[PDB]
Amino acid sequence: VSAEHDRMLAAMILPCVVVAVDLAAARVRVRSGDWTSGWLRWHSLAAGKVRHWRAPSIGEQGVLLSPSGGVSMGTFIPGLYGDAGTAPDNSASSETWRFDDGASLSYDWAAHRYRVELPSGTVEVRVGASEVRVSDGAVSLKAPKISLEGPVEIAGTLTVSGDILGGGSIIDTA
Amino acid sequence: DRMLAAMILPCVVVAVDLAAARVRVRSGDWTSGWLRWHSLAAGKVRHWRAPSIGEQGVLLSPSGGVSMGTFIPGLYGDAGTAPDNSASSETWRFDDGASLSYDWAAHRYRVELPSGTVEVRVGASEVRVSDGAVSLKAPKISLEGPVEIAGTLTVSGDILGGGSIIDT
Amino acid sequence: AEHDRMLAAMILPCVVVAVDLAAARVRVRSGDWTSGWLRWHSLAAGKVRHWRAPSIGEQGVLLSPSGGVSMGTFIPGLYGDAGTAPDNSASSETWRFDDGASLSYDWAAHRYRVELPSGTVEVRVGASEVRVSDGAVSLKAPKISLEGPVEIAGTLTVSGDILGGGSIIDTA
Ligand SMILES: [Ca+2]
Ligand SMILES: [Cl-]
Ligand SMILES: [Cl-]
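As recorded in the entry header, the structure was determined using X-ray crystallography to a resolution of 2.20 Å.

This is how it looks when you write it as structure tokens:
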């Protein structure tokens, strides 16, 4: 049982790649060499009062950690850049999520900029019955009350279904 | 031998020290001392999210030295189940029902709070979304494009139009 | 006997001492030893990818299969002098940046807060944009729709025509 020592040793920490995802069960199968695992858990960003979900992709690289080389109970740590998921940025001053559809969410502390960028689609901020929606063709604000505090300038036309009440002058140009 | 076994341990969070940023964990019948966990970031940018009681993870201890082991959380279980099952979305879900998610099939970023508030603040400017209101506040508010209001419009100051102003 | 050195080498406490941004690699130090250029575990490397380079002085652990440290991988995120715990709440999830910016959700207060001391927040979808900066909030789109009673605390300037479906009433 001395070869078992180096066996367990070698099996404790394994470089591996995702080959299968059981989404409903939240498990992955990984491959290290010509060995394929059973259904194993991956470490997510949070699994408590807060939970995060981001299933590892097939082809994603990481490391499997198995207590005493008990590989049937190993857990997977993804996030190794590779052909299935390359480094999405190269800046010393940025924290960036990039998605397959070209979307990205990034903070840059050199430029002091938070950027939510979608080539197409919708960004939605909803709290109860209130909503800010940014889409390809519109920005919409919906609420029981819409309050604009400050000088407002409209570069365009304005159409109002209900009454318009002004506390000052109302002056046209035509 | 014993080092071998002690180097990588399956464990569950059993106590949290918020001020010290440490947790105690349990593996089998063994309970650890106060240990650090690996956060998402600990450099120029830092992230904070304390592991919860009952949160499962792994303890890594160099040369079996469990007194200095570090904890990697995030294993789904009773204290925190997988909050989604989609292959095309990335989701934060919170205990109060709030969620922040991006879906790359639908091309949608969604920030959803059942109740409460979302605040985007830059210097003195703010966009605030709450149960009863959306409010914009800034030294200058600029709307570029044709504006349509389904409702009434009340303006405290003057209304100055560059064209005609017509009622019905 | 030779297994001891290997065991010891499999899991190492370490600190970043060099960063190669272009190659996405780090050199770490443990004891008197400095690694070659090694990979770190990012938050995501699949269809979804995340980027956040470990900082010099950031502490973590190196994992090396069979003690082969030349192929070791780095797990960062151990709070230390190069980056301390940025919060202490049991009810928050928080990013805190070096310029004082923060993004945080608090589930006791039911609040999502994006806070920048200065700079810009930009939400861009196609050609539409909501932008918040020190001196302005701007909405830009082929169409801007406000659904609900709108109250303006200030003056209103409109370059184009104004059409009202009810009364238009001034003070003067
Ligand atoms: Ca032996
Ligand atoms: Cl246990
Ligand atoms: Cl790399």
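Asker: How should I be thinking about the interface of chain C and chain A in this particular structure?
Answerer: Quoted interface sizes are often the accessible area lost when the parts come together. Listed by partner, the interface residues are 84 residues for chain C and 90 residues for chain A. Three residues, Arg49, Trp51 and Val125 of chain C, lead the burial of chain C against chain A; their summed loss comes to 11% of the area buried on that side. Seen at the junction of chain C and chain A, the total is one salt bridge. Between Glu122 of chain C and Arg115 of chain A there is a salt bridge, with its nearest N and O atoms 3.2 Å apart. Linking chain C with chain A are 54 residue pairs in polar contact. Among the elements that make up the side of chain C that touches chain A, the one with the highest residue count is strand β11 (residues 120–125) of chain C (six residues). Classifying every residue of the side of chain C that touches chain A by side-chain character gives 44 nonpolar, 25 polar and 15 charged. In the sheet, strand β15 (residues 152–155) of chain A pairs with strand β16 (residues 156–158) of chain C via three bridges, with the strands oriented parallel. Considered in β16 of chain C, the bridge of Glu153 of chain A is made with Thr157 of chain C.

Asker: In this structure, what is going on with the environment of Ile8 of chain B? I would like to understand it.
Answerer: Along the chain, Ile8 of chain B falls in strand β1 (residues 8–17). Here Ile8 of chain B falls in the buried class, since its relative accessible area comes to 0%. Look past the residues within four positions of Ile8 of chain B in its chain and what remains in contact with it is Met12, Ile13, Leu65, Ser66 and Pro67 of chain A, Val58, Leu59 and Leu60 of chain B together with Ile11 of chain C.

Asker: How should I be thinking about the UniProt feature "domain: Gp138-like beta-helical trimerization" (unreviewed entry) in chain A in this particular structure?
Answerer: In the numbering adopted here, UniProt assigns the feature "domain: Gp138-like beta-helical trimerization" (unreviewed entry) to residues 95–166 of chain A. For residues 95–166 of chain A, helix accounts for 0% and strand for 62%, while the C-alpha atoms at its two ends are 46 Å apart.

Asker: For this particular structure, what's the right way to read unusual backbone geometry?
Answerer: Generally, phi is negative for residues other than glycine and the peptide bonds are trans, each holding for most cases. Residues and elements named next belong to chain C. Positive phi, normally seen in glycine, also occurs at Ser66, with a value near 55 degrees. Within the secondary structure, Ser66 sits in the loop between β6 (59–63) and β7 (73–78). With relative accessibility at 27%, the residue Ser66 sits in the partly exposed group. One non-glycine residue, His110, adopts positive backbone phi at about 55 degrees. Relative to the helices and strands, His110 resides in the loop between β9 (102–106) and β10 (111–116).

Asker: Got a minute to help me understand the UniProt feature "domain: Gp5/Type VI secretion system Vgr protein OB-fold" (unreviewed entry) in chain A in this structure?
Answerer: When the UniProt feature table is mapped onto this chain numbering, "domain: Gp5/Type VI secretion system Vgr protein OB-fold" (unreviewed entry) sits at residues 15–81 of chain A. As annotated, residues 15–81 of chain A has a helix share of 0% and a strand share of 48%, and its two end C-alpha atoms lie 13 Å apart.

Asker: Quick question: what am I supposed to make of the packing of aromatic side chains here?
Answerer: In this description, a pair of aromatic rings is defined by centroid distance and the angle of the planes. Inspection of every chain in the model, using the stated rule, returns 17 aromatic pairs over all chains. Aromatic pair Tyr107 of chain A and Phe97 of chain C: ring centres 4.4 Å apart, planes at 40 degrees, arrangement tilted. Taken as a pair, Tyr107 of chain A in strand β9 (residues 104–108) and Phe97 of chain C in the loop between β8 (92–96) and β9 lie in two separate chains rather than in one. You'll find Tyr107 of chain A and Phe97 of chain C in the same group, each marked buried. A connected cluster of aromatic rings, assembled from ring pairs, spans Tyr107 and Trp109 of chain A together with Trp95 and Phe97 of chain C.

Asker: Got a minute to help me understand the sheet that holds strand β17 (residues 159–161) of chain B in this structure?
Answerer: Note: strands within a sheet are paired through backbone hydrogen bonds, in either parallel or antiparallel orientation. Pairing within the open sheet is mixed, and its 12 strands lie in the order β18(A)-β17(B)-β16(C)-β15(A)-β14(B)-β13(C)-β12(C)-β11(C)-β10(A)-β9(A)-β8(A)-β5(C). Two strands lie at the open edges of the sheet, namely β18 (170–171) of chain A together with β5 (49–51) of chain C, each paired on one side alone.

About the criteria used
Residues numbered from 1 in each chain as written, not as in the entry; some residues may be left out. Chains lettered and ligands numbered in written order. Heavy atoms only, no water. Contact = heavy atoms within 4.5 Å. Buried area = accessible area lost by both parts, 1.4 Å probe. Salt bridge = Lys/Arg side-chain N within 4 Å of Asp/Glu carboxyl O. Polar contact = N/O pair within 3.5 Å; in protein donor to acceptor, adjacent residues only side chain to side chain. Helix = DSSP H or I, 4+ residues; strand = E, 2+ residues; numbered from the N terminus. Nonpolar A, V, L, I, M, F, W, Y, C, P; charged D, E, K, R; others polar. Pairing = 2+ DSSP bridges. Buried < 20%, exposed > 50% of the residue type's maximum accessible area, 1.4 Å probe, protein only. UniProt positions renumbered as here; feature names shortened; annotations may be inferred. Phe/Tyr/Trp six-rings, centres within 6.5 Å; stacked < 30°, edge-to-face > 60°.

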